[PDB]
Amino acid sequence: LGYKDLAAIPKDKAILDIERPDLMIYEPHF
Amino acid sequence: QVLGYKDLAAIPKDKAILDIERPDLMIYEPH
Amino acid sequence: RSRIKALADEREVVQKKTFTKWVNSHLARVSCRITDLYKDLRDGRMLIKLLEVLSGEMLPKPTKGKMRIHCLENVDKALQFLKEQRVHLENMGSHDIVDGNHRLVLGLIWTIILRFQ
Amino acid sequence: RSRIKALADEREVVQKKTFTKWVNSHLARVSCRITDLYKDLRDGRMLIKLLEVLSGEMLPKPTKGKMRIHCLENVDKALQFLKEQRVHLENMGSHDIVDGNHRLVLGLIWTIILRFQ
Amino acid sequence: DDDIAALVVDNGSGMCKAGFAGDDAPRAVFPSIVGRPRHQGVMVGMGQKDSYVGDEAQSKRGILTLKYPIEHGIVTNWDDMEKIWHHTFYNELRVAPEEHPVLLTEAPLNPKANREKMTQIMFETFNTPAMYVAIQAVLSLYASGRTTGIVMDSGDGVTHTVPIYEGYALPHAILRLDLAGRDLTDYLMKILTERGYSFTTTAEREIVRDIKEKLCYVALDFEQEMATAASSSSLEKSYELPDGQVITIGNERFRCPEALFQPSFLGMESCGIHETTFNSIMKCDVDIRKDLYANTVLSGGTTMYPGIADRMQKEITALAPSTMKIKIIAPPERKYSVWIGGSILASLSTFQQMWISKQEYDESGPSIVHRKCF
Ligand SMILES: Nc1ncnc2c1ncn2[C@@H]1O[C@H](COP(=O)(O)OP(=O)(O)O)[C@@H](O)[C@H]1O
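Respectively, the protein sequence lines represent chains 5, 6, N, P and D.
Numbered by PDB author numbering, the letters in the first sequence go through residues 39 to 68 in order.
Numbered by PDB author numbering, the letters in the second sequence go through residues 37 to 67 in order.
Numbered by PDB author numbering, the letters in the third sequence go through residues 42 to 158 in order.
Numbered by PDB author numbering, the letters in the fourth sequence go through residues 42 to 158 in order.
Numbered by PDB author numbering, the letters in the fifth sequence go through residues 2 to 375 in order.
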């Protein structure tokens, strides 16, 4: 089948779309 | 040299130094 | 509820479906098809069958019992057979397979796929 | 009011319109245009496609990044392309284009105009 | 396809975080612990596991001795590191290591054999096609989004400061204080012995660390806070042990992280973190200090005590001349900043030329890293 189909490697890069990586909220963090 | 060299780069056609009488009492900053 | 776990289980679902289809492709010969990967490997008999159809070699017959210790023994026999087939398994335990941890079962399946080619 | 920079400012206030009207004609072959010479030149994609139109040979892929560092990448690719084609530039850096210095951007555009035609 | 995703693994003394290049968040985060059973198992057929790696070691803390492969940023045990990296590659990410490049992070000042050992292990055992090593606090500046500033990274292993101006790093201004989170955990145990609670075993160190993470903060005025805590009992909290016992932390909550600013509590004569940052700023040239004052960046998990930003800003403003701007930049997700900027470093197109190829390692041996990284 091949390596690429077996392992779900993401083609899309989320870091490129975000303008401000400084202003990320992973959790509300209280 | 599109539109001519003289039109492309703004070259001052007039001369301001010829109009002024005397350059000794000449100020650049009023201050 | 968190970005890290969302990305993680977003990967887990796709990899689980692909692994289930591959295991069923190699298990189509014997009359056994697994519906859920986590629920069916908890007994340990189908994993022994999968190993002895992949390697084409005999394995010791499973111990007959409903209790937890028999399931631990059945998983341990297959783990020991993988261990003597020169394959390096890290952080692998029979009780981890019995308890049904997602990451460890998926890692065992991935190691089996990559080493039994 | 600093007569020196007054005469300078009257020079580039016309020099800007001349360069903008010149570059819009070449950029009109693609479905793109620039309303301001300093602000759209910061991103680096517009000058890349201007070099696409003028040179006729393709450039490497621009980076899909909103960061300052990705803008530095995008300007640096085009500056390397200009250095590839014998063009000489003095104290021309990608951070100068990103920071939007007036006279350096104007000198870069003027150098492009002089070199290509 | 082409240009396959290169995975990045950030290893510190506390936790290991692994993930792909394009993602904004790591896939796997787990503590770097290797446990081994103390007692003798009595049930036949239970199955034999020689060692426990990762989260289930934190689950089964009772019957194991917890050990750390990394101490003060230096890898003391390398077989444990091989166990950690194997569990990362095959169980948490379940990807083939020989088909992706690997990015790794490390402390600024460390023994030079550590880089060579990482390179030799990454090439000889895992057969990775390429690998690279980067400084953590440089990657923190990538995560910040600016090319000018001073980075103060405080982790479980070490604390290091580095200034970078206009993309240029000054190597002589780098300082590496040895205060970290594990020292604070030990000091918290020592001051918790005052109220009658005793924690000695390695498993209870994790409980003390959780108490530190949940019920600690940095006082704005320490001696005022001592007076307030002595006057009344309003500054008290309760914690529940895993067996159901309830303890009262009380006064100690702001006494544990105050040792970061005054190291004399631990018997160390070194200066505090604020003085370390000020000295790292002052070692730079005259013209670039103004930009360094206004772009101080906090990073690392240890800097997530509440109120540390205001205290650091106040101390630096007291040290600095009065006429300048001092502002402390603290991202809300700074614990992962060393990872996040690193992912950005794996996304740039110009970074493909400075991977350490397998052929270069074959030609030059493990020393090539000293030529290729930093
Ligand atoms: N929410 C929190 N509040 C205060 N301290 C924390 C918190 N989370 C973690 N820590 C401290 O930070 C340390 C982990 O640091 P970490 O960022 O993992 O360093 P590294 O990534 O270099 O290992 C732990 O030992 C703990 O003491």
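Every residue, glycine too, gets a C-beta built ideally from N, C-alpha and C.
Does ligand 1 have a heavy atom nearer than 6 Å to the CB of residue i?
{"i": "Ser14 (chain D)", "result": "yes"}
{"i": "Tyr337 (chain D)", "result": "no"}
{"i": "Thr148 (chain D)", "result": "no"}
{"i": "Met82 (chain D)", "result": "no"}
{"i": "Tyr79 (chain N)", "result": "no"}
{"i": "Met119 (chain D)", "result": "no"}
{"i": "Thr89 (chain D)", "result": "no"}
{"i": "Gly302 (chain D)", "result": "yes"}
{"i": "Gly182 (chain D)", "result": "yes"}
{"i": "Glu214 (chain D)", "result": "yes"}
{"i": "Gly106 (chain P)", "result": "no"}
{"i": "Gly156 (chain D)", "result": "yes"}
{"i": "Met305 (chain D)", "result": "yes"}
Would you say residue i and residue j are within 7 Å of each other, going by their C-beta atoms?
{"i": "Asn92 (chain D)", "j": "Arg127 (chain N)", "result": "no"}
{"i": "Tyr218 (chain D)", "j": "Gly308 (chain D)", "result": "yes"}
{"i": "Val209 (chain D)", "j": "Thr186 (chain D)", "result": "yes"}
{"i": "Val134 (chain D)", "j": "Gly343 (chain D)", "result": "no"}
{"i": "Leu94 (chain D)", "j": "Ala26 (chain D)", "result": "no"}
{"i": "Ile330 (chain D)", "j": "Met313 (chain D)", "result": "no"}
{"i": "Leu65 (chain D)", "j": "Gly36 (chain D)", "result": "yes"}
{"i": "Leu178 (chain D)", "j": "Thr277 (chain D)", "result": "yes"}
{"i": "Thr160 (chain D)", "j": "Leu67 (chain D)", "result": "no"}
{"i": "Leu221 (chain D)", "j": "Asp311 (chain D)", "result": "yes"}
{"i": "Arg44 (chain P)", "j": "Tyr64 (chain 6)", "result": "yes"}
{"i": "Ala321 (chain D)", "j": "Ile327 (chain D)", "result": "yes"}
{"i": "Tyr79 (chain N)", "j": "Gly134 (chain N)", "result": "no"}
{"i": "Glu226 (chain D)", "j": "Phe255 (chain D)", "result": "yes"}
{"i": "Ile110 (chain N)", "j": "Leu100 (chain N)", "result": "no"}
{"i": "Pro59 (chain 5)", "j": "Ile341 (chain D)", "result": "yes"}
{"i": "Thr149 (chain D)", "j": "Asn296 (chain D)", "result": "yes"}
{"i": "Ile165 (chain D)", "j": "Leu140 (chain D)", "result": "no"}
Just list the residues that DSSP pairs residue i with in beta bridges.
{"i": "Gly20 (chain D)", "result": "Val9 (chain D)"}
{"i": "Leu105 (chain D)", "result": "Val10 (chain D) and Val134 (chain D)"}
{"i": "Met355 (chain D)", "result": "Its beta-bridge partners do not exist; DSSP assigns none."}
{"i": "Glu72 (chain D)", "result": "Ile75 (chain D)"}
{"i": "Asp363 (chain D)", "result": "According to DSSP, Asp363 (chain D) bridges with nothing at all."}
{"i": "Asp154 (chain D)", "result": "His161 (chain D) and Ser300 (chain D)"}
{"i": "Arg177 (chain D)", "result": "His161 (chain D)"}
{"i": "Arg37 (chain D)", "result": "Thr66 (chain D)"}
{"i": "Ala29 (chain D)", "result": "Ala19 (chain D)"}
{"i": "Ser239 (chain D)", "result": "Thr249 (chain D)"}
Alpha carbon to alpha carbon, how far is residue i from residue j?
{"i": "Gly74 (chain D)", "j": "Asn115 (chain D)", "result": "10 Å"}
{"i": "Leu61 (chain 5)", "j": "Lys57 (chain N)", "result": "33 Å"}
{"i": "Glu270 (chain D)", "j": "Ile289 (chain D)", "result": "30 Å"}
{"i": "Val43 (chain D)", "j": "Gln59 (chain D)", "result": "22 Å"}
{"i": "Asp77 (chain P)", "j": "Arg83 (chain P)", "result": "10 Å"}
{"i": "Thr59 (chain P)", "j": "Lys118 (chain P)", "result": "26 Å"}
{"i": "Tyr41 (chain 6)", "j": "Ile47 (chain 6)", "result": "9 Å"}
{"i": "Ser338 (chain D)", "j": "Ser300 (chain D)", "result": "7 Å"}
{"i": "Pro264 (chain D)", "j": "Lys359 (chain D)", "result": "45 Å"}
{"i": "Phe124 (chain D)", "j": "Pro130 (chain D)", "result": "8 Å"}
{"i": "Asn132 (chain N)", "j": "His88 (chain D)", "result": "7 Å"}
{"i": "residue 379 (chain D)", "j": "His173 (chain D)", "result": "There is simply no residue 379 (chain D) to check, as chain D begins at 2 and stops at 375 in what is shown."}
{"i": "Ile357 (chain D)", "j": "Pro102 (chain D)", "result": "9 Å"}
{"i": "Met325 (chain D)", "j": "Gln137 (chain D)", "result": "29 Å"}
{"i": "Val152 (chain D)", "j": "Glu316 (chain D)", "result": "17 Å"}
{"i": "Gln121 (chain P)", "j": "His136 (chain N)", "result": "59 Å"}
{"i": "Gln354 (chain D)", "j": "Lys373 (chain D)", "result": "11 Å"}
{"i": "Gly146 (chain D)", "j": "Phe223 (chain D)", "result": "34 Å"}
{"i": "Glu364 (chain D)", "j": "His371 (chain D)", "result": "14 Å"}
{"i": "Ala144 (chain D)", "j": "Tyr294 (chain D)", "result": "19 Å"}
{"i": "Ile75 (chain P)", "j": "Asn115 (chain P)", "result": "17 Å"}
{"i": "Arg156 (chain N)", "j": "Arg62 (chain D)", "result": "32 Å"}
{"i": "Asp56 (chain D)", "j": "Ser33 (chain D)", "result": "9 Å"}
Return yes when at least one heavy atom of ligand 2 lies under 6 Å from the C-beta of residue i, else no.
{"i": "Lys284 (chain D)", "result": "As for ligand 2, it is missing from this structure, which binds only ligand 1."}
Three-pair Cβ contact test at 8 Å for the segment 4-16 of chain D versus the segment 156-170 of chain D: yes
Three CB pairs or more closer than 8 Å across the segment 71-87 of chain D and the segment 136-156 of chain N: no
Given 8 Å, three or more beta-carbon pairs between the segment 104-112 of chain D and the segment 249-268 of chain D: no
Sufficient close CB pairs (3 or more, under 8 Å) joining the segment 45-54 of chain D to the segment 61-72 of chain N: no
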